[PDB]
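What follows is a pair of forms of the same protein chain, given separately as structure tokens and numbered structure 1 and structure 2.
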Structure 1
């Protein structure tokens, strides 16, 4: 054994050893219990930085923990390769996005392989390859035929200068980002997944996810946004029918989730495009301009709420009050009825609207004896659970649910309204007017219409010999791509030139890893049956809503097609915290050392301030194990992690110390058979070290397996080494216990720092580390030894309580013979019955 720790020497040798034994290349091995650990696969956008490395280290720690415990572990890796990053670089560097993407993949694969992650590279996928994306084209065509995917006009942000469609993120103050030209809203045909048909399933199945963080489930429930409420109709007054046709001449219909407060409605509000808004605005120039301002305008709660009165009235069907209709900019045409009622005394938005315009407020709910103040909003005004109806005539005294049913009763009997369930969830628009994405497998025929490509003609292949220029999608300018023949009639036709939302690839990639070479389907039945669901998913909170909901949606779509048999894709979910670092100017922290540049503020590792720390720089300086160790030790995985030059150094020193501990141990006599069995006759000090050892094994196992807090696992091993360092292990029985401690220490740490622990393990023991397996707890090592006047002595467990001593004291042969018909308890010394 070499004396000094040389990571640049041992790490490639250890990685070579693991690849040769194919430890991480796995099959559907029925002889071993499966474990599917998955980290969110990256966009191949450049270099990974320490932030990404934290994510993949965590996955590797859990994977290797399960490996050592005998599982058949699949830890797959892959490339989320479509999307905007490459198209910017395609414009930026005058390079094909494909060429730039594949180049990126190679740099990052070697980056990852150098960190020593236990990854099945034979299951690697790149989502920009036709062998991948053909299967999401296939699913598209199957769902299109069933109407689960449909085509429909939607409105988009058109920039007339750049001549491209803009995302709302790129629409600042009404104008485009790279142009500052006023955005034109355009109606164009687009494709949608009917995700609203699955809203109830997506919502209720969250309850199954007992090993998901509660806030993730809460964000999903709120995004879906189910409500059980009331459709309510307000008769238009005789004086207000002016201009209205059809059912709009008869009644104004709203949706409300507080029908229990209908007796406190003091005005109503309609969207700019509502027919009432149009009829009122006919001879009223002020309303015309307000309608116009609304049409041009996420930012809902942020925007100043505005309205104008219309002079039109509707009648409350419960109390007969004539209420004025307002046009308001917060009422959106396309959600529910495009009109709402307003209850300023019990809804905070209505309260502010009403306090702005001096509109009436009517208290119709009281909460205990809390007093009502029409000039100050108070949280209890909105109380749905502890309030009870006041000023509501007949309804006076009911609670929310009974008044709901009473109002539903009354309304239905008048024909004036019915209960209704609504969802905030919109359908999922997947059309993108971008080149670097999966082609939509539709052909447009002037005779047959929009027709799906037949399955045997899939994939529709995206040409990779393209350099976009940002002045439109190149596919719409590429005759050799879009000219084709109709699959239904043989006539001349045109391919769809929009590509798919690149969330589509990340919505099923975890199934493709089960059989990434399968050519007869998205995923083979044999492999989906074996791998089941992802046991453990690790990724950033930024994907807690859309990506996770889409992946759950796709799972249920695929189950309903018969391709998988689970309802939910991810059993456990771990949300690793951000990684932050000081900034400098914008100079990368590897171009800087400190005691001329400006040492600015600490913030998330990103390209914005060029403060991403390149893991390759960190490997070249200290080795992979030091990088892994620093990030697993610096903070619990969920907490944010501050980059620290001294933290990295102190991780490295720990690895030197661990190296030197095994070396000095082996210099003083070479390896011995590790202590095992009965420890009676061991000295107190070696008993205490064995106690620390097996306590440490139980804690690390709990920290890896239950708590997933790796930083405290490492601290516990350092404690063991500390007690080892103060224990005389020179004797024969001492060396056997030292061997036991070191064989367990290097195994306990192997998931965190596998290169050094693989190397040290082999100097200690000739067996293969993964066959020796995860260290076991020796419970016998966890048992400590047993411990008026005076008349009796008793033997007590070392963990005996003060009532166990008083128990055995009161029942002693010398006590009872001196009792003749207070009990001061000194633990470990004496007990006296006075």
Structure 2
């Protein structure tokens, strides 16, 4: 055994040892209990980042821990390969997106393997291969004929200079983020998943996820946004019917979740596209300008509640069906056409948004709820204004004194008797638009025929292969300019036809890849019935918080779709969910000629102040934030691996912070991780240099010295703490510190005697197995010097209960014939 720890010597050897043994190449074996640990598969962007290493080390810690506990562990990895990055790099470098993608996949795969992740590489998938995306095309056609996928006109943001569609997030003050040109609102046909048909299922099944963080479930419930409210129809006043036709000339219909406050409505608001807005704006230019600005907006959903709420009066009036109050109709920008009736009522006294809106325009506020003897101030919002649990109605005629639920039913009774309303359930959830005007994506398996219509491609003809011999030029979507691709014959009548040229939302590939891992070479379905029955669902899912809403919802949606098709047997894809924190780093900048700042990468800086590691001039040390190319502060994990080895990288990330907490890059912290790995190496080397390995202590410890009994107690309490940290709390930093405390007590214990050597062997054999999930290379190597058995067959260390019992000293007491501090307690 070499005296000094050298990762480059031992890390490749241990990896070949694991690969030769095929410990991570698992099958559907009915003898061993299964464990499916999955980390969110990455985009092949080019090279691993520090967040990748943290995500996939966490998965490897939990996977190796369950492996040592005798589980049949599947930890698969693949490549979420489609998307815009390969298209931009194609436009920048004059390379095909597929070639750029497959080169990145190969390099990053090398990086993942060099980190020693226990991964079943025989189950690797790449979502840009026809062998993969043919099966989401298949599900597309199957759901298309059922109507779960449907085609409909929708509005997109067209950039006329970049000749491409932009999402709301890419529109800055009505202009494209890169082109700077005014974007145009265009109505084009697109395809949608009818996800609202599954809204109640997706909402209620969240209750089954006892091992999900409550914030993720709460974020999903809010996104679905189920409400049990009331449709209410306000009759249009006789003086306000000019320009209206149909039911819009008769009444204004609204949806409210607070029909108990209907007696407090002081005005109503309609969307810009509402017929009342159109009729009132017919001769009022300010209204036309207000309507035009609302239509031209591109507020993203994450920013919808933070935009300033503005409105204009219409001069039109409607009648409250309960009290007869005549309320003026306003056009408001927060009322969205397509949500409900595109019209709301406003109760400023008990809805905070209505309170600020009314305070802005000096609109009336009528208190109709009371909570105890609290004072109501019309000029200052108080939180109890919106209380639904502990309020009684006031100023509401015969509704006074009622609570929320009894007033709800009474108002429903009054409105239904008049025919002016009825209870109604609504959802904020919109249908899922999957059409993308992009090239590097899964082709939509639809053929357009002027005789047969939009026709799904038959199953025999799938996949619709995306041609990889393409270099996008930025003058529109390439597929739309490739007659060799879209010109085809109709599969129904054989006539002249054209393929769909839009590609799928790349969220689709990541909505079912966890099932494909179960049988990634199955050629007769999305996933084989045998593999799905065995692996069931994912036991542990690890990923970033940025996917807590859309990705998880889409994955749960696809799981229920595939279940209804009879392909899988589970209602939920992910049992346990672990969301790991971001990785932050210091930033460095230099002031600019033009009054700006030039951000410098940390690796090109040396501390002392701070100066460049190649030049000699000083730079400015700035704030710490998430590693990104924005402020040029991304630390390359490859340089960390090259400088210290994979175990140091894995150890630092697990020790620096709990997995959910933000991890700050620390040069001294990395050195501390490497120094501990050297200490662990020296501890084993020095132990073996003083007499070699012996049989580890086991059995009755009566007769052991007090010092060695205390070391066994610390040992088996460390094992219990570490097991509870890996399995239950999932806090790996405290598990490392516990092993460090065990090594500290070992260092202070004399283990020179025959029984001392036996206890020392027991300590080190457990310590290397307790740390094997975190730093497997050095633990695999150190274990082989201590014991001949295979580490993974020796299994996770067991807790000796007898090592935790303390020896009593039952003594008798007598005063005047019928430890001295214990008798003082007596």
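Positions refer to the first chain, counted from 1. Note that the rigid core is defined as the largest set of C-alphas that superpose within 1.5 Å between two forms.
J.: Tell me, with the core superposed, which single residue in 670, 285, 491, 479 has its C-alpha moved by at least 2 Å between structures 1 and 2.
T.: None of the others reach 2 Å, which leaves 285.
J.: Report, in Å with one decimal, the C-alpha displacement of residue 375 between structures 1 and 2 after core superposition.
T.: Once the two forms are fitted on their core, the shift reads 1.0 Å.
J.: If the rigid core is lined up, how many Å does the C-alpha atom of residue 737 shift between structures 1 and 2?
T.: Its C-alpha moves by 0.5 Å once the cores are overlaid.
J.: Once both forms are fitted on the core, what is the Cα shift for residue 609 between structures 1 and 2 in Å?
T.: Spelling it out: core superposed, C-alpha of residue 609 shifted, distance 2.3 Å.
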